[PDB]
Amino acid sequence: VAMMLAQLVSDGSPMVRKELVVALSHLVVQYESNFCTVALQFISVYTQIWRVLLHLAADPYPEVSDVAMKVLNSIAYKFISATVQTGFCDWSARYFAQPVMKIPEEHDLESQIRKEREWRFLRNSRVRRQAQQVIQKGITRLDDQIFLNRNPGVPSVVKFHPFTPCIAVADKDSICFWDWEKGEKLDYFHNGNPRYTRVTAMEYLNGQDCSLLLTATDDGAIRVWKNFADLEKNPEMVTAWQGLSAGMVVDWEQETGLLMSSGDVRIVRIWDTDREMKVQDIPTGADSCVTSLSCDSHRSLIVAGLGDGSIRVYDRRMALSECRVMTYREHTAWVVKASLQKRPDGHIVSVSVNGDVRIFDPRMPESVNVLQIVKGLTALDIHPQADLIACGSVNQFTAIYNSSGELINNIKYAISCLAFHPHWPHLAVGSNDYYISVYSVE
Amino acid sequence: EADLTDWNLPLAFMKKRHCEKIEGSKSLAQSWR
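Line order of the protein sequences matches chains W and P. FYI, in my numbering the residues of the first sequence are 836 to 1277. FYI, in my numbering the residues of the second sequence are 140 to 172.
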């Protein structure tokens, strides 16, 4: 029976992990001698059980890690030196106390919940709608700098709040929230990851209502946070787990509601938040590691860039052998950036150290168009639903053009991060000098 | 309609398992015996 423990370590469910630690304790309480001997030697079922115990001790989720720390003392120092228990069953039994024969107020079509949800959706729809009018009245120009300020630490990554005039700037281990309309800070937080780790990416989740925050850690881990927006409330964690070995690269599909992850390996993995269990695992197929990855909403095309300069497009529906469907080999060096547009007609935009910004179509094996700004780029950005592309330069030069190459804006600042605003044309630029600024319409 | 698209989007992690503290049910001062 004991062989089953190691299999469930891959599940993201923190509660299942805590109960798995409890089961480890209940199994080891009867055969403590072997584990004590092995531990004293280290200072094959039992060896792998101890290994998964080590992994659970390294769990980013505080509760499972704490239970593992308490459990370990019962082996190394050996009388039952440690006691453990959890209240999953009682919390579940709490179900039958609540009313059963009444419709919840949340489903009434005149409660404040429905009104608030509808009003927030109206706000989001208005924000989305005004973008078309702003852009289609003649290309607006970003000559007006609205915000410019400094902060402690290099700004590693910057993200826009989808429906609020504020940005989140994150570094190896900490995050700061700054409203560029006010030009004033909103809040400060620490990710909690230690010195040996760094934040490889940042992302927003559930932007339509009650948005959450996500962080990817180069240790192969993912963390989620809430309550980071209110000034009067402290942020709280939502979920956390390590499931994988550019470091770590993560993409999210709210429309498809799926998380996808990869890194310096030949593997891509897919997770569903609701079931908390991995849904699919696709090998890269090629012999080179992945550098970047972006995919489509509700369609099977998965586009990835590899370290050998090749760009691969997979159809995730079919088997692994038939998974690969489309290959581009034009750049000679590794792929600096690659992205797939979710526009009605599929398009792909890639750039490498060669300096050739190439645009391809899924139905052709060759670049549709080629352009150049400078050999080697620090930041590249493409507007979601507009003919706008922004490129910075290491020479402190930055510009915004059309996809045809026509220049729209030229700026001189050392740019570390640069990004667009999805709906209302704005450009955020943070330099290697801790300085973050934003440019707005007119 | 954009409102319809927002209604269609899922709400990840927004279930009772993640949202509320996991603890036992409090006892009560029963004296009916």
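Cβ atoms here follow ideal geometry from the backbone N, Cα and C, with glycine treated the same way.
The beta-carbon separation of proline 1219 of chain W and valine 969 of chain W, rounded to 14 Å, does not stay under the 8 Å limit for a contact. Here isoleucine 938 of chain W is exposed. Its C-beta has fewer than 16 other C-beta atoms within 10 Å.
According to the DSSP secondary-structure assignment, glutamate 1038 of chain W is paired through a beta bridge with W:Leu1049.
A residue is called buried once 16 or more other Cβ atoms fall within 10 Å of its Cβ, and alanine 911 of chain W, having fewer, is exposed. Below the 8 Å Cβ cutoff, chain P contributes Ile161, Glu162, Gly163, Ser164 as neighbours of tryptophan 926 of chain W, in chain order. The continuous beta strand (DSSP E) containing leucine 1175 of chain W extends over residues 1170 to 1176.
Under the 8 Å Cβ criterion, the segment 895 to 910 of chain W counts as touching the segment 1072 to 1090 of chain W, having at least three qualifying pairs.
Legend: CB atoms of the segment 1096 to 1130 of chain W lying less than 7 Å from CB atoms of chain P belong to residues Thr1108.
Using a Cβ-Cβ cut-off of 9 Å, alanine 141 of chain P counts as an interface residue toward chain W, since at least one Cβ of chain W sits closer than that to its own. Between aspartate 1222 of chain W and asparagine 1237 of chain W a beta carbon distance of about 5 Å is seen, short of the 8 Å cut, so the two are scored as contacting. Nearest to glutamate 1277 of chain W by alpha-carbon distance, out of W:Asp943, W:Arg976, W:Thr1091, is W:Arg976. The C-alpha of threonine 872 of chain W is placed about 31 Å away from the C-alpha of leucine 1079 of chain W.
One finds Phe956 in chain W with Cβ atoms closer than 8 Å to the Cβ of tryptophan 146 of chain P, taken in chain order. Residue-level contact check: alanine 168 of chain P does not touch chain W, since none of the beta carbons of chain W fall below 9 Å from its beta carbon. Under a criterion of Cβ atoms nearer than 9 Å, no residue of chain P is adjacent to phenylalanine 914 of chain W; the nearest Cβ is some 28 Å distant. Taking C-alpha positions only, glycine 1055 of chain W is separated from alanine 168 of chain P by approximately 49 Å. The beta carbon of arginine 172 of chain P does not come within 9 Å of any beta carbon belonging to chain W, so the residue lies off that interface. Counting along the chain, the unbroken alpha helix (DSSP H) around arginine 156 of chain P starts and ends at 155 to 158. In the three-state reduction of the DSSP assignment, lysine 1007 of chain W falls in the coil class, being assigned neither a helical nor a strand state.
For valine 1209 of chain W, there is no enclosing alpha helix (DSSP H), as DSSP marks it with neither H nor E. Taking a beta-carbon distance threshold of 9 Å, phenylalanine 870 of chain W does not count as an interface residue toward chain P.
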